[PDB]
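*Asks:* For reference, the structure I am asking about is given below.
Taken together, the values in this text are just the output of simple stated rules run on the coordinates, not laboratory data. No Cβ is skipped: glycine too gets one built from the backbone with ideal geometry, and neighbour counts run over all protein chains shown.
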Amino acid sequence: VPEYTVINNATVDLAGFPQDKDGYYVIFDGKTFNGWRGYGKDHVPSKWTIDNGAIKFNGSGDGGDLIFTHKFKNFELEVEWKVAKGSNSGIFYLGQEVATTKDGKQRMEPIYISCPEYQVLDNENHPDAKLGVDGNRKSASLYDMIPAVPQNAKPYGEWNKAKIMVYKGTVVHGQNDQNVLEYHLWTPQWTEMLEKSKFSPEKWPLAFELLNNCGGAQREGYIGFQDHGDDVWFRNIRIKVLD
Ligand SMILES: [Mg+2]
C-alpha cells in the first residue's frame, strides 16, 4: 500500500464533441486529436498519428498510452479496431493518472495498475494468445482475468467492433456484436479475481489497491489506447453516457 499520488489534469467538456442520432458522443473527428493526450504527458505522443480517418499507433517519436481527457462513469463505448499481423494493443477504461515518489522524484505508474484492459490482439500470430489461463489474454478479454467467450475475433487486417459497457459497477465486453463476458466491480468476487491475477495483493501491492478500489472515490475514469510497440488502428470511436 505505498505512497501514491493521483494527478488531476484538465478534462475537456463533452459539449465540444458532437452527438450522433443514437445519443453517442463522437470523441474522434477523424481528422484531429482534440481531447486526446498521452497518459502522464502534456501532449500527444508522436508515434500516434491520424491515418485515413483512424487513430493509429506507429510501431517500429515518444510513445506511451493515449487517453481521452474526460472522466467517464456510467457509459457505453464503441470502437472499431484493426491490428496488423502479430500486433498487441488494448482499450483501457476507468483509468487514473498515478504517480509514486521514490528517492524524492515523482515517477509515473502505468495506467494498467489503476484500471482494467480489454485486450486487442492478433490471436493467431501473437504469443500472448498462448500465455494466459483459458485464453484470458486473447482479444476482448479482461486481460489476465476473464477470457472472451466466444472468441469471434476476425483475422488481422480487418475491422473488428468493440463494445465496453460500465453501468453501476456492472461491466460487459462486446466483440463483433456479441457480448463476451461480464463482471462486477467493487465486490468480493472482484477481490478474488484480482488475487488469482498478476495484480494479486502479494505479487503487486499498489496495483491491488487501485484495482480493488477501481475508479477512485468517485468511481470515474479515463478511456484510452495502449502503446505496445505494434501497428494498430482505431476509428468510429463513440461513447454514450448512461441515464
Ligand atoms: Mg494489450
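*Asks:* Assigning unit charges at the beta carbon (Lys, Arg +1; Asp, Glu -1) and nothing else, what dipole magnitude in debye, to the nearest 20, does region 172-229 show about its Cα centre?
*Replies:* Roughly 100 debye for region 172-229.
*Asks:* Kindly flag which residue pairs out of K105/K240; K21/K196; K71/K196; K130/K240; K31/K203; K82/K105 have an alpha-carbon separation exceeding 32 Å in this structure.
*Replies:* Numbers: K105/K240 39 Å; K21/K196 42 Å; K71/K196 28 Å; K130/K240 34 Å; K31/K203 42 Å; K82/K105 38 Å.
Beyond 32 Å: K105/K240; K21/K196; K130/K240; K31/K203; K82/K105.
*Asks:* With the Cα gyration tensor of the chain giving a ≥ b ≥ c as the square roots of its eigenvalues, does the rule (a/c under 1.5 for rounded; else a/b larger than b/c for prolate; else oblate) give rounded, prolate or oblate? Provide the component values of the computation, followed by the final result.
*Replies:* Values: a/c = 1.26, a/b = 1.09, b/c = 1.15.
Rounded is the answer for the chain, as its axis ratio a/c remains below 1.5.
*Asks:* Assuming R0 = 45 Å, can you tell me the calculated FRET efficiency for the pair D22 and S46, based on Cβ-Cβ distance, to the nearest 0.05? Show your work: numbers first, answer last.
*Replies:* On the way: r = 34 Å, r/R0 = 0.76.
Efficiency, from the Cβ-Cβ distance: 0.85.
*Asks:* What is the Cα centroid distance between region 123-154 and region 14-47, reported in whole angstrom?
*Replies:* 28 Å
*Asks:* Looking only at region 203-243, which residues have a backbone nitrogen under 17 Å from a spot 7 Å from the Cα of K168 in the C-beta direction?
*Replies:* Correct set: 219-220, 241-243.
*Asks:* Also, quick follow-up: Can you check what the net charge comes to around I50, using other residues whose Cβ is under 11 Å from the Cβ of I50 (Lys, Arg +1; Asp, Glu -1)?
*Replies:* Working: positive: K31, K56, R235; negative: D29, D51.
Result for the neighbourhood of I50: +1.
*Asks:* What is the dipole size for region 117-229, taken about its Cα centre, with +1 at each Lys and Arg Cβ and -1 at each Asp and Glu Cβ, in debye to the nearest 20?
*Replies:* 160 debye
*Asks:* While we're here: Among the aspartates and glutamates, which fall within straight-line cross-link reach of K198, defined as a Cα-Cα distance under 12 Å, with same-chain neighbours fewer than 8 residues apart omitted?
*Replies:* Counting by Cα, and skipping residues close in sequence, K198 has these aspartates and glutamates nearby: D144.
*Asks:* A further question on this structure: Suppose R0 equals 22 Å; then what is the FRET efficiency for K203 and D134 from their Cβ-Cβ distance, rounded to the nearest 0.05?
*Replies:* About 0.70, to the nearest 0.05.
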